[PDB]
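Contents: one structure, followed by commentary.
There are 4 protein chains.
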Amino acid sequence: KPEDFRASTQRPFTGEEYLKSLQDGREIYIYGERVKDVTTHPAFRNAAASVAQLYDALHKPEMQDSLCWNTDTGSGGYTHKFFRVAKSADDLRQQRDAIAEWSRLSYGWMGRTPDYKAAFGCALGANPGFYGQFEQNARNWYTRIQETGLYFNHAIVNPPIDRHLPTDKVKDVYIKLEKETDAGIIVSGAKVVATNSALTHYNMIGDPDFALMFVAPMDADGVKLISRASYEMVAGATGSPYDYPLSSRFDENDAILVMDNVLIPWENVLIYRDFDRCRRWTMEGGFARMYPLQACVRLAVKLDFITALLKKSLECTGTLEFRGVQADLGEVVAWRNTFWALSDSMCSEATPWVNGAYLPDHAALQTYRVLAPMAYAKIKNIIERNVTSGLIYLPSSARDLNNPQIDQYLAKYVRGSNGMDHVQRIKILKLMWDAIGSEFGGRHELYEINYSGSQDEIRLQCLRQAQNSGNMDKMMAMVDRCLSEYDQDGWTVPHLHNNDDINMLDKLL
Amino acid sequence: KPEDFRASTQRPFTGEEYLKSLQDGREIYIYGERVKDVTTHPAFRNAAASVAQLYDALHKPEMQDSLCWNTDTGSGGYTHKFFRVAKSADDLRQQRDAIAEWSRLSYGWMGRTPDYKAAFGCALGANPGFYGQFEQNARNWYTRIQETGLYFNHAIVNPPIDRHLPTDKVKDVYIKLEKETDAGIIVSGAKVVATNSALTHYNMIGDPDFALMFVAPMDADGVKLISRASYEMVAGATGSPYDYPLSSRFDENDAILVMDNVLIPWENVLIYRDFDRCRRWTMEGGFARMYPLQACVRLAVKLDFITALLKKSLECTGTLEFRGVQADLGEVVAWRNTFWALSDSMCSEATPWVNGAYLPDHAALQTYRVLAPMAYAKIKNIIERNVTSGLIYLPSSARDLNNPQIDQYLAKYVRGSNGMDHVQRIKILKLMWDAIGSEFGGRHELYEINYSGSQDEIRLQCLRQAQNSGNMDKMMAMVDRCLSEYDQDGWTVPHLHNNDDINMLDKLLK
Amino acid sequence: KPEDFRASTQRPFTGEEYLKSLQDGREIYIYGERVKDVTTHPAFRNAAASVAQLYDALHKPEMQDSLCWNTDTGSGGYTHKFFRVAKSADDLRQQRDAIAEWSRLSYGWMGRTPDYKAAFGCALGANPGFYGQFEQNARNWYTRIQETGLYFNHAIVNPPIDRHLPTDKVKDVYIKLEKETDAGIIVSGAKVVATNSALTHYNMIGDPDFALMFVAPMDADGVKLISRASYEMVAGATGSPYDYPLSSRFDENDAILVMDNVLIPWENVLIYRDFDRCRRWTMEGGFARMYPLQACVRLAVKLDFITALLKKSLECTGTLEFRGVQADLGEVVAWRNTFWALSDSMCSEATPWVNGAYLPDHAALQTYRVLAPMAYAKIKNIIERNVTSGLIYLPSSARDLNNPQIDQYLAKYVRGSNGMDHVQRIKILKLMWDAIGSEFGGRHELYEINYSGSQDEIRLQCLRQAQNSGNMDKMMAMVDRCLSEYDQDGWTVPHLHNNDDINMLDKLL
Amino acid sequence: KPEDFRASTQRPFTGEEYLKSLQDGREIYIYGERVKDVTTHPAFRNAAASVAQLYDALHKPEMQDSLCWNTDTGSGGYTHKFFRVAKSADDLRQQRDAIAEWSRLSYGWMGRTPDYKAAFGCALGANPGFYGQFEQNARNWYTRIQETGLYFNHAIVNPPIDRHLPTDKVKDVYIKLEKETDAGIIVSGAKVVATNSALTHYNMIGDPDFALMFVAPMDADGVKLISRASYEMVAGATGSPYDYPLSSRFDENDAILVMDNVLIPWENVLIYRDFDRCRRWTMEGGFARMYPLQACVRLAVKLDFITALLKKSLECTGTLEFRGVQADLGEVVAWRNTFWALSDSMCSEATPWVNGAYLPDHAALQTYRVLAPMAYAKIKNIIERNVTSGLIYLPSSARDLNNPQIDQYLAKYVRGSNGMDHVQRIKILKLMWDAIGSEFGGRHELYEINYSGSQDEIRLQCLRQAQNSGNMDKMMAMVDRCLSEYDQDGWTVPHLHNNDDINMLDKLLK
């Protein structure tokens, strides 16, 4: 139904069609109230408009070489390159570049755009046989996501459990099968951290009644979102675009997704009462082996933005001349370079998987995940220790600049160091502040550092990849070879010299 | 005079008297508008009430042992202990404890309360001879600050300069003498980072026309503040106390202070067209040698709060059971302990200064300044890597809890791990979020890491203190002694063995 | 018997008496050979001489005000201040200063000097009633250690266990009671990390047969040490004092202590088949609450040395003029200052304990333990990144300086930046290298970072101290007070303003 | 000529031929004595044997697919792949893999093997026109290095200068032209950090008399090395292979190289009295744009080794079971992965340069240089906090294991946690200790952190590369676009909503 808002079946949504497709009476709450229409609501309307611009870019003739491919479905249509299964390392590189072009439309700040779950679509299309009796659902969902550009999110993090409650009552907390019918399955439960789900068409949701994976439409009866605070709405109500230039347009609301007696049609079921497939899906389904290409590129585009924003901030404060400041900026550049290089390795070392599909280099994926929190924390610390005074006393509002009684003083006392007027100085530094210190900036720090999992778990996943791939045993073979070349009596290889002719310990002792 | 709002001259303001003293038509702007009355304005009214609670505490009988001393002026009155010159190490310890008690009333979140510039009053009273012809102004301001509890701030950071402008035009940016008159001096210019000046009575403001230090009242004609965004107002307009429990009451607005043709009477001048005294004041005036006792204790109280708030957050999420989580919490405890220990050393190693006054240990002050940014950054990182999942999806509003259509789901899906209901879980985690992630939390991170100087400069000040005190030369004497005990021919001291009897190099190489 | 080498019972050993007391046929191995005499052996003779200098300092008239007190035993003698129980905060401060004076005789590099276990002596004398039937042994050992200056070490770390061995055979690994006799107990087993035990008189060694604490003489039959590599001997055999100025005189050999059928007289037993007392000893015995005063001061003296050595190294390389270098040096100063300040707090906040004894502030002890590894790692990193080129190419040997064919080039090409000749430049930088990069320097990095326990365990001990003392509940009371002042309907205290008059959410939504 | 020790001109040295070529009476000092023969001297003989094994690998049939290519000279011979100019991204990838295979023969511990300066040979062969009148010398040296596998090092770091000396006297410290003759130039001066030059055939050495670049043979009269302490000799004299398994065979002595009246024939001169070419050579000559491929791969191979050695050490101590230990190991794996990934990017993003040659990605080179010191420091810290107790008390010597009076106790008390006997436990942990804590280990820490420049300078080089490439301006164009989309009156683009309909500030403040 959502794709029926398109005027053509041979291309994805335009932005205008996407926005119309959201006017479906989805059940969303924020600040204790029901949201009538996400495309007009003060908490969501600009974020929706920002996503709609991504869809518009797909149809600009000058963008289509970098953004789009023909579909592989026989439709005669086209789609964003990352919505179609890659069949070579170069395909992955072209997808890398198409993701980057989309990411640049939000300067790297929207991390859960439609291309993130395009990797889920492609995993379905590349390995549909994984799903057994639901193999045809996988194939059909791949085709649908690819041709239409359907916006998916995933809701996968389980709600907290009160350990002191009876084991009776806590089975109601997790997503669980309630009833099996001929029309599909009825499910109830919740998932937390449903980031930007208010703007999606579908969410993937992932005792055998708990071992499910299925697709849920956002407008299905019983599907509800409970929103977190809206940095977009607060910036609109008490600020301005000048004062909160990122909060006002790129806020991705991290919701709780609730399912209350929701009917999931059988066509939307992918794994059903199946602990074994649920267990193997992360390794074998492909999604976890593919989405970090998007996530790494998106972060790299954000680091492009932050790197130059730091340079511009240091230009206007005048400290960029100093050697130590330039060295700090150079380290930020190195971190920015790192994530582009990891995405290079992802594509260049890609491997054949199944049915001709290629997967990016797996070690590079795990490495991006471990390094990103450290890099982001270090960059934020570099920014704050270099743009010291300049951020703390910024005037409250564009209203200060627009009142000549106040502006007369700002014009004298808050100019930029490099011939820059006060309006441009304050503008640049307010952009940096919205990037790192606003509530939006603080949420993004949380997102970049912890969202991918706990620091232990991401390091364990890195170790497990090295072991499962055989890389660790290959490294161990080198250590074992080294140990084999000597023993407690001396060398065991002929090319090295016995030290008996020079050993002085007998003489000494 | 602001202190004439008191019903008695033998004690500082009560909270109600302090609030009345602020209703003086000071000129403050925020969001393009003039503020009518800071005690009722949506951007300032709770922060003002929060400071007023500090004044109220001074008059509670159960608080006076820890908070108050008699004045040393002969007035028969009393004051907060840090407003009177300390004359022993134990005096400093009592002041340390009185600062701590006041700091606990904002849980460590208000950093520019009146006790901060009480150290400026005491510096004036302890070394008034520093000021030459203005020595009597120093004595009189000490007496006035001490007896009244007048709220001072300092505005000292200079505004930025456009280097491409002519040298004419940019000299108007700094505070400068414009006119010398019989009634005082007329001055214009600006200072940035006038933290909480909207709630103060006076600010200290510090080619000889630029070499000035003087006191300016907040209600003087031509003194103006241009405010930054108000986290208090935003939290009031789009949130609630439950949702922003710190933003809503402890926001200290970091303003730009503008002076436009302000007449400063001669009794308010402390340094006048005097580069030499301006240069020597940081070392010799005493203020810089005394206020870090207040700042270190205030930070330590905040770390008390953050330490236990982290523990409570880990209780809520259930991860406190884990060894690695308990170790992370234990490191936060160690950082918290560090700043209390530094303040112990400040008092125990205090030194006689001038006129019977004592100064806290100088090395401890420099050390606190270097360590605080690293500790705060490390603690914030520990918090985020331990409690993040719990913070990211918190419902928007107390309004969600108060709508049963939503609360029915929150009650089921967001309970605490330890038998705790969802209201208390969400409450604790929203408090942690306001501490570290809200715009208020982000400002406080900037404040703790950056306010005190650049990272280079605070380290240079630490090195210079070690050198100026003679500590570095004493350390160097130990290295020189070590070097003196051998040379290229062997040991030069008799108690160690020549290695000639065991050296094998000739055998190996000849 | 060892103290009978003294010519007087009213003072501790002189250095010469101490050295004679070591010539007792203790059983020590190194490099596969038995050590005849530690005071003349190439691996130990200079370290022994270094310790002997500590004993000599006790008898210099100009040193006795800072180093010595009258004994509290009625002997009419004197002793090092830290060997006598402190009865006030000022006593602890005087002990702090007496420890520092001894530490300066090794420039902070000997960490297991006799004053470390003087705290064990004082714990015995302050709380002898802890030991029940062995209370009189505690009293008698306090008197003996205090009057004589007996050199104790502790051997407490258990050897590793092969988990695949039968539970039979692994009971022989740990120290265990073998036989109870009227002459004492026979024990066998081992302890690792018996640091400098080769130069001690006694070691404290700490199914009920495993729950023991007792004192073992180094010359008891069946007591044996297996030494690690001797940096002293290697520096003597292949270097010189000029080339290894710290290795050659301050090496504290980290031995394995073996007990093979050792008879421990009953007078040497302190805890016997007593799991309860073994468990409570760390909290209640006092030793763990007292020795970190010595350890913190010793580290602070070492940081005094390293701080000025870094400054001197940067003077001779010429980089001290640079702002960033001076800032790095200033951070080293701050770390150095930190440990002196912690020792100040230890003394100033000291508390009455039992029998009039005072204990240093407990939180300060735990804090020193957590901070020291981080500070030492950071300082070493600051040194290496600032004294870059200057360390890597230092000529091999004082023999190079003493051969004019080589010295003619060193004199031209390796001068100091500040008018300093090549001999002094090379000398300073070789001292820095021996401090951080030699095998001795690497061992000291290991010692400062990990010896006090694992990074987790030292942080857990810090948390437990805060909880056990009630500090954590006091901090929690402040958080609870904050939470009590509002609820989901608004403030619960009268002094703050209700936001109902300014709340805009109804209008917005 | 050293290559005349080969039995064939159509391949590089064998190991035995390389060792014979070193028996040339080069002038090397160590411990105050002249070295007679580096291939037999106790300070150099195993390091020489270790390098010789690299040459032997080139001629093993099972190794030649990964190690060797035909020469491009028309000689009909073969060479190590990194000794021939790369003409595509795939060429660089094959070279990357050939470097890795050689690096594995020292487990990543020898960092100045012959393939390091093979990039200098290739730079000469790819851009010989850079050298003007010496272009033909560049071409000829490329041919010679490529066909023979000649072992070059570079000596480029200048000796320290005493600033208190007269300006006369300190100009004799640097390498300088002394005499211009028909047979070549006579030069004197010194360079420090001539790593492993004792085992090389030639060194590149790089007021116009100071602006030189030339090649000097190690056996030229007047060329001398003054060695640092030999970890190989000390390990041989006072240890054993079991006790110091890396020190005993992989020590690369960091010498001072002295030139005293050395005649450099004109065929060995590349830049002569030419400040402009000296200044431009780092950017334009190609060597600096090519050798970091070798250095990054060599480091990655060492991290392969250290990663698994850590795992094996944690197996020995039994702590690998613990979650926090496995996480620490996983971070070491991530750092190891990083440098392999950087080398992937170096090859995949390679660019056409000049004369058909390709250069590796420049940003990746700069990134490797900035990241390597932080990674190595972090890894060493992870190792020490996980395996320290196991390292501190290891028995002194294989002699302890071989004396049954001692071994009886070691067999009981120092077993491995996982059914491993004491000999193997002690062996693994002594290998880890030689890697990180021995004097060799400490030198390698200095080498990985500091050799490449100061921490400031390597970051500045990274920034300059981003600016010079145009990358920074492209990033800045994105920031400028963002700024262009709004102003102080609202949005300037049509797709976003004006907030005038929801802005509440007038209501709040009017």
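Protein chains in written order, with the numbering used here: chain A, 4 to 512; chain B, 6 to 515; chain C, 4 to 512; chain D, 6 to 515. Just so it is clear, CB atoms sit at the ideal spot from N, CA and C, and this is done for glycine as well.
Would you mind telling me which residues of chain C sit closer than 9 Å to residue i, beta carbon to beta carbon, in chain order?
i	result
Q429 of chain D	Within chain C, no residue comes near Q429 of chain D; the closest Cβ sits about 11 Å away, beyond 9 Å.
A234 of chain D	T241, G242, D246, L397, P398, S399 and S400
Please confirm if residue i has its CB atom under 8 Å from at least one CB of chain A.
i	result
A240 of chain C	yes
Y491 of chain B	no
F310 of chain D	yes
residue 517 of chain B	The structure shown does not extend to residue 517 of chain B, since chain B is modelled only from 6 to 515, so the question has no answer here.
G361 of chain B	no
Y60 of chain D	no
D226 of chain B	no
Taking the DSSP output, what are the residues bridged to residue i?
i	result
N75 of chain B	B:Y83
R37 of chain A	A:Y32
Residues of chain D with CB under 7 Å from residue i, in chain order?
i	result
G327 of chain C	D461
Taking residue i as the query, report the chain B residues whose CB atoms sit under 8 Å from its CB, ordered along the chain.
i	result
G440 of chain A	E444, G447, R448, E450 and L451
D40 of chain C	The contacting residues do not exist; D40 of chain C stays about 13 Å from chain B at best.
Does the beta carbon of residue i fall short of 7 Å from some heavy atom of the ligand FMN?
i	result
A143 of chain B	In the structure shown, the ligand FMN is absent, as is every other ligand, since no ligand is present at all.
Residues of chain B with CB under 7 Å from residue i, in chain order?
i	result
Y36 of chain D	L510 and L514
Taking Cβ positions only, does residue i come closer than 8 Å to chain D?
i	result
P47 of chain B	yes
Answer yes or no: does any C-beta atom of chain C fall closer than 8 Å to that of residue i?
i	result
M475 of chain A	no
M236 of chain A	yes
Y121 of chain D	no
In chain C, which residues lie with their C-beta within 7 Å of the C-beta of residue i?
i	result
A471 of chain B	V336
Can you name the residues of chain C whose CB is closer than 8 Å to the CB of residue i?
i	result
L396 of chain D	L449
Meets three-Cβ-pair contact criterion under 8 Å: the segment 147-165 of chain D and the segment 313-321 of chain D: no
Ranges of the beta strand (DSSP E) found wholly within the segment 202-269 of chain B, counting only runs of at least 3: 207-210, 217-222, 228-231 and 259-269
Every unbroken alpha helix (DSSP H) within the segment 126-214 of chain D, with a cutoff of 4 residues, ordered by chain: 140-153 and 172-175
Three or more C-beta pairs below 8 Å linking the segment 341-351 of chain C and the segment 86-98 of chain C: yes
Minimum length 4: unbroken alpha helix (DSSP H) runs contained in the segment 297-329 of chain A: none
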